[PDB]
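> Structure incoming, see below.
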Amino acid sequence: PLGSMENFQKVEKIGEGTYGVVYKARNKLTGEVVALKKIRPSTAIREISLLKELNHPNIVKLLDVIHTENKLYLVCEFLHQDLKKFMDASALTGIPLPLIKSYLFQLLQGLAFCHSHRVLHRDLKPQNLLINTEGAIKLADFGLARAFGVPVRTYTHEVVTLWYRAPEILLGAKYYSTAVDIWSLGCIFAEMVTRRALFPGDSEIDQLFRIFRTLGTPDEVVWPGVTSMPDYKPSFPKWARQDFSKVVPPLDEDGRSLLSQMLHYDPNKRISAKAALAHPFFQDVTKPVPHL
Ligand SMILES: *CCC(=O)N1CCCc2cc(C(=O)OC)ccc21
């Protein structure tokens, strides 16, 4: 579908994702400019095709799903850039708190929407959060992890980041709930505020032990069942829990409260997206225009 004579002409390479390359492309027939993901499996085609109806203003629009000549292509709307580039462009000054708050509010709306339709993402990270120039932010790639799994390395052998991965996934839980996305978004909220990743693990055990060093080694008091998880070891070091006050300065008390609730160990206790939207942190939310 992408080429000189095809439905889509390539304009430039945008990025490389977990499953394939993403090009900015133009569609010869409609004039439309799109982002076209090329991935190089029937159950997955049925599942991904159902995502075309999961439309919301904070979800990157899925225009089409094409299966042809042993490739799967996803055609998405095109936006400005991803949040990882925006954070980097923003590094000397940081993203202003009111824009962090508007982005978090909008991301919680997109999660609330997908979760109400029983679709989870399970691999949220700044690279799949896309912004436009007007102040909106949207989530890309919902539902693709359920379709394909999350591999250790990408198609180009790149390491798939662990930094946003919830502790129940690292501890080898068999069942993932929508809570896994609230954990990832809490980690991304902290990184916007502090301008550094919260838990930049470089292996599964470094990621777990970074989480325990900040939030305390979990036990049965705070997380019933934790000592029976598959990958839990009684020999894990017992670290004391840090104050949030140290973790995400200069976030205000309402922001720390909300973040603490997005980072509860027990996925059952973790705040839901719908409840997060009602949190007092958002009482004064606005929609600022980003400085690009
Ligand atoms: C269908 C395209 C896609 O899967 N994604 C995943 C993340 C990369 C990306 C980038 C854009 C974009 O607008 O860059 C500005 C849109 C969609 C996606």
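Each chain of the structure tokens is named A, B, ... in the order shown, its residues numbered from 1; ligands are numbered from 1 in display order.
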Kindly work out which residues sit at most 10 Å from ligand 1, using only C-alpha atoms and all ligand atoms, and give the list as a ChimeraX atom specification.

/A:13-24,33-39,59-65,73-83,126-132,138-142,144

> Let me see the file: selected residues, N, CA and C atoms, as a short mmCIF file (atom, residue, chain, number, x, y, z; two decimals), in the first residue's frame.


```cif
data_model
loop_
_atom_site.label_atom_id
_atom_site.label_comp_id
_atom_site.auth_asym_id
_atom_site.auth_seq_id
_atom_site.Cartn_x
_atom_site.Cartn_y
_atom_site.Cartn_z
N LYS A 13 10.18 9.19 7.07
CA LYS A 13 10.09 8.30 8.19
C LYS A 13 9.79 9.11 9.46
N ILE A 14 8.79 8.68 10.24
CA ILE A 14 8.46 9.31 11.55
C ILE A 14 9.22 8.67 12.70
N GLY A 15 9.09 7.34 12.87
CA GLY A 15 9.71 6.61 13.97
C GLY A 15 9.75 5.10 13.70
N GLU A 16 10.26 4.39 14.69
CA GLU A 16 10.24 2.94 14.71
C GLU A 16 9.56 2.56 15.98
N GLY A 17 8.48 1.77 15.85
CA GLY A 17 7.78 1.26 17.00
C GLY A 17 8.18 -0.17 17.34
N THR A 18 7.47 -0.75 18.28
CA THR A 18 7.71 -2.12 18.71
C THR A 18 7.58 -3.07 17.54
N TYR A 19 6.54 -2.85 16.69
CA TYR A 19 6.25 -3.86 15.64
C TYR A 19 6.71 -3.55 14.21
N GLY A 20 6.89 -2.26 13.91
CA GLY A 20 7.30 -1.91 12.57
C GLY A 20 7.54 -0.42 12.54
N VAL A 21 7.93 -0.02 11.38
CA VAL A 21 8.28 1.37 11.06
C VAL A 21 7.00 2.23 10.85
N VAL A 22 7.08 3.54 11.16
CA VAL A 22 5.93 4.45 10.96
C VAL A 22 6.40 5.53 9.98
N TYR A 23 5.70 5.68 8.85
CA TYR A 23 6.02 6.74 7.85
C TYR A 23 4.93 7.77 7.85
N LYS A 24 5.32 9.02 7.68
CA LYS A 24 4.33 10.03 7.24
C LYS A 24 4.06 9.75 5.78
N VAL A 33 -3.06 13.39 4.59
CA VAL A 33 -1.71 13.08 5.11
C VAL A 33 -2.00 12.22 6.33
N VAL A 34 -1.27 11.08 6.43
CA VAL A 34 -1.49 10.06 7.49
C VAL A 34 -0.14 9.62 8.10
N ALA A 35 -0.25 8.92 9.24
CA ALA A 35 0.87 8.11 9.69
C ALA A 35 0.57 6.66 9.38
N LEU A 36 1.47 5.98 8.68
CA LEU A 36 1.22 4.62 8.18
C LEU A 36 2.23 3.70 8.84
N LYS A 37 1.74 2.84 9.71
CA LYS A 37 2.58 1.81 10.34
C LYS A 37 2.64 0.55 9.53
N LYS A 38 3.85 0.07 9.24
CA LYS A 38 4.01 -1.12 8.49
C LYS A 38 4.50 -2.20 9.41
N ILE A 39 3.68 -3.24 9.66
CA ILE A 39 4.15 -4.41 10.41
C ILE A 39 4.40 -5.63 9.48
N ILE A 59 -7.81 9.66 21.57
CA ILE A 59 -7.26 8.39 21.03
C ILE A 59 -6.83 8.69 19.58
N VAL A 60 -5.58 8.34 19.20
CA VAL A 60 -5.16 8.63 17.83
C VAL A 60 -6.09 7.87 16.88
N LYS A 61 -6.69 8.59 15.93
CA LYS A 61 -7.72 7.98 15.06
C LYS A 61 -7.09 6.84 14.21
N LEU A 62 -7.65 5.66 14.32
CA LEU A 62 -7.33 4.52 13.44
C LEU A 62 -8.21 4.53 12.18
N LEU A 63 -7.61 4.98 11.09
CA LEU A 63 -8.32 5.19 9.80
C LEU A 63 -8.62 3.91 9.09
N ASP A 64 -7.66 3.00 9.07
CA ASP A 64 -7.77 1.74 8.38
C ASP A 64 -6.78 0.73 8.85
N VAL A 65 -7.12 -0.50 8.56
CA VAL A 65 -6.33 -1.69 8.87
C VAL A 65 -6.28 -2.50 7.58
N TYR A 73 -0.76 -3.32 7.79
CA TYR A 73 -0.58 -1.86 7.87
C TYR A 73 -1.68 -1.21 8.66
N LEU A 74 -1.30 -0.23 9.46
CA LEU A 74 -2.32 0.53 10.16
C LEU A 74 -2.19 1.92 9.69
N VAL A 75 -3.32 2.50 9.28
CA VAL A 75 -3.31 3.89 8.85
C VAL A 75 -3.93 4.77 9.96
N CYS A 76 -3.19 5.75 10.44
CA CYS A 76 -3.61 6.57 11.66
C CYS A 76 -3.65 8.00 11.22
N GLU A 77 -4.34 8.86 11.98
CA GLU A 77 -4.23 10.27 11.64
C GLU A 77 -2.83 10.74 12.01
N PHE A 78 -2.42 11.83 11.41
CA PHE A 78 -1.08 12.41 11.64
C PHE A 78 -1.16 13.55 12.62
N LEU A 79 -0.26 13.58 13.61
CA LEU A 79 -0.28 14.74 14.54
C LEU A 79 1.01 15.58 14.48
N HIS A 80 1.45 16.19 15.57
CA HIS A 80 2.67 17.04 15.47
C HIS A 80 3.94 16.22 15.77
N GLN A 81 4.02 15.69 16.98
CA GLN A 81 5.16 14.93 17.42
C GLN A 81 4.78 14.16 18.69
N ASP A 82 5.68 13.28 19.11
CA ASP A 82 5.40 12.51 20.30
C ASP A 82 5.84 13.21 21.58
N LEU A 83 5.34 12.73 22.74
CA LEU A 83 5.68 13.44 23.97
C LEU A 83 7.16 13.31 24.34
N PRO A 126 6.07 7.51 26.63
CA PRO A 126 5.99 8.79 25.97
C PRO A 126 6.00 8.73 24.44
N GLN A 127 6.68 7.73 23.87
CA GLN A 127 6.74 7.61 22.42
C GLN A 127 5.37 7.28 21.76
N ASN A 128 4.37 6.80 22.52
CA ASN A 128 3.04 6.53 21.92
C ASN A 128 2.01 7.51 22.36
N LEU A 129 2.49 8.61 22.90
CA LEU A 129 1.62 9.78 23.23
C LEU A 129 1.93 10.90 22.26
N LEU A 130 0.90 11.32 21.51
CA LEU A 130 1.17 12.28 20.41
C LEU A 130 0.47 13.60 20.69
N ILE A 131 1.18 14.73 20.42
CA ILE A 131 0.58 16.01 20.67
C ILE A 131 0.32 16.71 19.33
N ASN A 132 -0.61 17.65 19.35
CA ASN A 132 -0.75 18.62 18.21
C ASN A 132 -0.41 20.02 18.68
N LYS A 138 -2.96 12.71 22.50
CA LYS A 138 -3.70 11.49 22.19
C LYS A 138 -2.84 10.26 22.39
N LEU A 139 -3.51 9.16 22.69
CA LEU A 139 -2.84 7.86 22.88
C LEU A 139 -2.85 7.08 21.58
N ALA A 140 -1.68 6.53 21.23
CA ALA A 140 -1.50 5.66 20.03
C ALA A 140 -1.26 4.21 20.44
N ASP A 141 -1.61 3.30 19.54
CA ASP A 141 -1.33 1.86 19.74
C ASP A 141 -2.18 1.11 20.78
N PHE A 142 -3.35 1.63 21.25
CA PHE A 142 -4.25 0.83 22.14
C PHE A 142 -4.55 -0.50 21.49
N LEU A 144 -3.03 -3.07 20.59
CA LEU A 144 -1.99 -3.85 19.87
C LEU A 144 -1.19 -4.85 20.72
#
```

> Residue 276 of chain A: which residues within 8 Å, counting only C-alpha atoms, same-chain residues fewer than 3 positions away excluded, as an mmCIF file with C-alpha atoms, in the first residue's frame?


```cif
data_model
loop_
_atom_site.group_PDB
_atom_site.id
_atom_site.type_symbol
_atom_site.label_atom_id
_atom_site.label_comp_id
_atom_site.auth_asym_id
_atom_site.auth_seq_id
_atom_site.Cartn_x
_atom_site.Cartn_y
_atom_site.Cartn_z
ATOM 1 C CA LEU A 108 -7.019 10.008 31.659
ATOM 2 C CA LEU A 258 -3.253 11.698 42.804
ATOM 3 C CA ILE A 271 -7.206 4.665 41.241
ATOM 4 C CA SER A 272 -9.259 4.120 38.047
ATOM 5 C CA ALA A 273 -9.078 6.598 35.171
ATOM 6 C CA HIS A 279 -9.686 14.178 41.615
#
```

> Can you tell me which residues surround segment 224-238 of chain A at a distance of at most 7 Å, considering only C-alpha atoms, apart from same-chain residues fewer than 6 positions away, and format the answer as an mmCIF file with N, CA and C atoms, in the first residue's frame?


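File produced: part.cif:
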```
data_model
loop_
_atom_site.group_PDB
_atom_site.id
_atom_site.type_symbol
_atom_site.label_atom_id
_atom_site.label_comp_id
_atom_site.auth_asym_id
_atom_site.auth_seq_id
_atom_site.Cartn_x
_atom_site.Cartn_y
_atom_site.Cartn_z
ATOM 1 N N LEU A 171 6.100 -9.120 38.216
ATOM 2 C CA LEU A 171 6.016 -10.189 39.222
ATOM 3 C C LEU A 171 5.351 -11.427 38.634
ATOM 4 N N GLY A 172 4.951 -11.332 37.392
ATOM 5 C CA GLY A 172 4.537 -12.502 36.585
ATOM 6 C C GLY A 172 3.086 -12.832 36.800
ATOM 7 N N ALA A 173 2.276 -11.838 37.137
ATOM 8 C CA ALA A 173 0.825 -12.106 37.257
ATOM 9 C C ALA A 173 0.276 -12.674 35.919
ATOM 10 N N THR A 217 9.566 -2.101 49.588
ATOM 11 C CA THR A 217 9.304 -3.490 49.115
ATOM 12 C C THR A 217 7.892 -3.890 49.502
#
```

> Do a neighbour search on residue 87 of chain A at 10 Å with only C-alpha atoms, toss out local chain neighbours closer than 3 positions, and write the hits as a list in words.

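Once the nearby chain positions are removed, what remains is residues 82, 83, 84, 90, 91, 92, 93, 94, 95, 126, 191, 192, 195 and 196 of chain A.
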
> Could you save those same residues with N, CA and C atoms as an mmCIF file, in the first residue's frame?


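In the end it all went to again-v8.cif:
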```
data_model
loop_
_atom_site.group_PDB
_atom_site.id
_atom_site.type_symbol
_atom_site.label_atom_id
_atom_site.label_comp_id
_atom_site.auth_asym_id
_atom_site.auth_seq_id
_atom_site.Cartn_x
_atom_site.Cartn_y
_atom_site.Cartn_z
ATOM 1 N N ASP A 82 5.677 13.282 19.113
ATOM 2 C CA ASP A 82 5.399 12.508 20.302
ATOM 3 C C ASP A 82 5.841 13.211 21.584
ATOM 4 N N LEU A 83 5.336 12.733 22.743
ATOM 5 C CA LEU A 83 5.677 13.442 23.968
ATOM 6 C C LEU A 83 7.165 13.314 24.343
ATOM 7 N N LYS A 84 7.794 12.242 23.929
ATOM 8 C CA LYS A 84 9.233 12.105 24.200
ATOM 9 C C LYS A 84 9.990 13.254 23.517
ATOM 10 N N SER A 90 11.653 20.473 25.595
ATOM 11 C CA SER A 90 11.209 21.258 26.708
ATOM 12 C C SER A 90 12.185 21.163 27.892
ATOM 13 N N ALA A 91 13.283 20.424 27.742
ATOM 14 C CA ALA A 91 14.152 20.031 28.875
ATOM 15 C C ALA A 91 14.787 21.171 29.711
ATOM 16 N N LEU A 92 15.090 22.307 29.102
ATOM 17 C CA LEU A 92 15.836 23.279 29.913
ATOM 18 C C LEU A 92 14.923 24.046 30.847
ATOM 19 N N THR A 93 13.670 24.104 30.480
ATOM 20 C CA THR A 93 12.695 24.816 31.231
ATOM 21 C C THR A 93 11.633 23.882 31.884
ATOM 22 N N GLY A 94 11.503 22.681 31.328
ATOM 23 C CA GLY A 94 10.410 21.756 31.660
ATOM 24 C C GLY A 94 9.076 22.189 31.033
ATOM 25 N N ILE A 95 8.176 21.242 30.807
ATOM 26 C CA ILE A 95 6.788 21.571 30.468
ATOM 27 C C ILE A 95 6.125 22.312 31.629
ATOM 28 N N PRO A 126 6.068 7.513 26.628
ATOM 29 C CA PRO A 126 5.986 8.794 25.971
ATOM 30 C C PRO A 126 5.996 8.728 24.445
ATOM 31 N N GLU A 191 7.545 11.882 35.286
ATOM 32 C CA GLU A 191 8.649 12.261 34.381
ATOM 33 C C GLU A 191 8.394 13.644 33.800
ATOM 34 N N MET A 192 7.121 13.968 33.441
ATOM 35 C CA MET A 192 6.876 15.337 32.938
ATOM 36 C C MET A 192 7.252 16.365 34.006
ATOM 37 N N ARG A 195 11.290 15.969 34.956
ATOM 38 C CA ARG A 195 12.153 15.966 33.786
ATOM 39 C C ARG A 195 13.159 14.842 33.835
ATOM 40 N N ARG A 196 12.831 13.784 34.591
ATOM 41 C CA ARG A 196 13.666 12.565 34.530
ATOM 42 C C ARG A 196 12.730 11.375 34.674
#
```

> Quick one: DSSP strand (DSSP E or B) residues in segment 53-265 of chain A, as a ChimeraX atom specification?

/A:59,62-68,71-77,81-82,129-131,137-139,153,159

> Please list as a short mmCIF file (atom, residue, chain, number, x, y, z; two decimals) with N, CA and C atoms, in the first residue's frame every residue within 12 Å of residue 283 of chain A, counting only C-alpha atoms and excluding residues in the same chain fewer than 5 positions away.


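Below is the file out_1.cif, written as the result:
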```
data_model
loop_
_atom_site.label_atom_id
_atom_site.label_comp_id
_atom_site.auth_asym_id
_atom_site.auth_seq_id
_atom_site.Cartn_x
_atom_site.Cartn_y
_atom_site.Cartn_z
N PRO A 98 0.76 23.90 34.16
CA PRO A 98 -0.66 23.85 33.64
C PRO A 98 -0.82 22.99 32.38
N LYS A 101 -0.78 19.36 33.56
CA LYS A 101 -2.07 19.02 34.06
C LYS A 101 -3.10 18.81 32.95
N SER A 102 -3.11 19.67 31.93
CA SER A 102 -4.05 19.47 30.79
C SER A 102 -3.71 18.15 30.10
N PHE A 105 -4.92 15.23 32.30
CA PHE A 105 -6.42 15.20 32.22
C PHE A 105 -6.89 14.57 30.91
N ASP A 254 -2.12 18.12 45.87
CA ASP A 254 -3.23 17.43 45.14
C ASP A 254 -2.58 16.53 44.07
N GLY A 255 -1.56 17.05 43.43
CA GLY A 255 -0.82 16.26 42.42
C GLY A 255 -0.11 15.08 43.06
N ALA A 276 -9.79 9.13 38.73
CA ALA A 276 -8.74 10.13 38.61
C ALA A 276 -9.25 11.44 38.00
N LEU A 277 -10.25 11.35 37.10
CA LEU A 277 -10.67 12.58 36.43
C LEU A 277 -11.39 13.50 37.42
N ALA A 278 -12.02 12.87 38.43
CA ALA A 278 -12.78 13.57 39.49
C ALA A 278 -11.87 14.11 40.58
#
```

> Tell me which protein, DNA and RNA residues are within 12 Å of residue 203 of chain A, counting only C-alpha atoms, leaving out same-chain ones fewer than 3 positions away, and put them as an MDAnalysis selection string.

chainID A and resid 152 159:163 165 170 199:200 206:210

> For the selection you just gave me, I'd like the residues written to a file as an mmCIF file, in the first residue's frame, keeping N, CA, C and O atoms.


```
data_model
loop_
_atom_site.group_PDB
_atom_site.id
_atom_site.type_symbol
_atom_site.label_atom_id
_atom_site.label_comp_id
_atom_site.auth_asym_id
_atom_site.auth_seq_id
_atom_site.Cartn_x
_atom_site.Cartn_y
_atom_site.Cartn_z
ATOM 1 N N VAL A 152 10.429 -8.767 23.926
ATOM 2 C CA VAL A 152 11.602 -8.197 24.598
ATOM 3 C C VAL A 152 12.277 -7.120 23.735
ATOM 4 O O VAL A 152 12.720 -6.074 24.246
ATOM 5 N N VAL A 159 15.761 -2.439 22.437
ATOM 6 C CA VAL A 159 15.183 -2.876 23.714
ATOM 7 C C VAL A 159 13.805 -2.227 23.933
ATOM 8 O O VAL A 159 13.713 -1.001 23.831
ATOM 9 N N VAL A 160 12.762 -2.996 24.231
ATOM 10 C CA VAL A 160 11.420 -2.407 24.513
ATOM 11 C C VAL A 160 11.512 -1.907 25.958
ATOM 12 O O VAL A 160 11.982 -2.721 26.857
ATOM 13 N N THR A 161 11.212 -0.637 26.192
ATOM 14 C CA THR A 161 11.452 -0.103 27.548
ATOM 15 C C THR A 161 10.615 -0.792 28.636
ATOM 16 O O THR A 161 9.433 -1.129 28.432
ATOM 17 N N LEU A 162 11.215 -0.976 29.794
ATOM 18 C CA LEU A 162 10.508 -1.517 30.982
ATOM 19 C C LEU A 162 10.050 -0.428 31.901
ATOM 20 O O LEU A 162 9.443 -0.702 32.937
ATOM 21 N N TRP A 163 10.416 0.829 31.608
ATOM 22 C CA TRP A 163 10.382 1.881 32.637
ATOM 23 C C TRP A 163 8.962 2.171 33.127
ATOM 24 O O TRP A 163 8.786 2.710 34.239
ATOM 25 N N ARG A 165 6.453 -0.144 33.148
ATOM 26 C CA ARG A 165 5.748 -1.417 33.350
ATOM 27 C C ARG A 165 5.318 -1.616 34.806
ATOM 28 O O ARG A 165 6.077 -1.458 35.750
ATOM 29 N N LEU A 170 5.756 -7.286 36.017
ATOM 30 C CA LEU A 170 7.094 -7.750 36.415
ATOM 31 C C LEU A 170 7.115 -8.975 37.386
ATOM 32 O O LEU A 170 8.063 -9.756 37.310
ATOM 33 N N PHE A 199 11.461 5.531 37.069
ATOM 34 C CA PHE A 199 12.037 4.235 37.351
ATOM 35 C C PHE A 199 12.767 3.720 36.079
ATOM 36 O O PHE A 199 12.235 2.882 35.316
ATOM 37 N N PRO A 200 13.963 4.246 35.822
ATOM 38 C CA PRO A 200 14.561 3.877 34.507
ATOM 39 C C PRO A 200 15.316 2.566 34.657
ATOM 40 O O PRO A 200 16.596 2.533 34.508
ATOM 41 N N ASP A 206 16.258 -4.893 37.808
ATOM 42 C CA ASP A 206 16.561 -3.481 38.144
ATOM 43 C C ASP A 206 15.259 -2.675 38.163
ATOM 44 O O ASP A 206 15.111 -1.773 39.020
ATOM 45 N N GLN A 207 14.316 -2.976 37.237
ATOM 46 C CA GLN A 207 13.107 -2.183 37.225
ATOM 47 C C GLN A 207 12.343 -2.436 38.542
ATOM 48 O O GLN A 207 11.857 -1.525 39.174
ATOM 49 N N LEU A 208 12.240 -3.713 38.947
ATOM 50 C CA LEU A 208 11.516 -4.015 40.204
ATOM 51 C C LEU A 208 12.173 -3.376 41.387
ATOM 52 O O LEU A 208 11.531 -2.761 42.240
ATOM 53 N N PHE A 209 13.572 -3.475 41.421
ATOM 54 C CA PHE A 209 14.184 -2.964 42.601
ATOM 55 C C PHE A 209 14.201 -1.402 42.636
ATOM 56 O O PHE A 209 14.146 -0.843 43.691
ATOM 57 N N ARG A 210 14.117 -0.754 41.491
ATOM 58 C CA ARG A 210 13.955 0.692 41.486
ATOM 59 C C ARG A 210 12.583 1.088 42.043
ATOM 60 O O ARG A 210 12.509 2.077 42.857
#
```
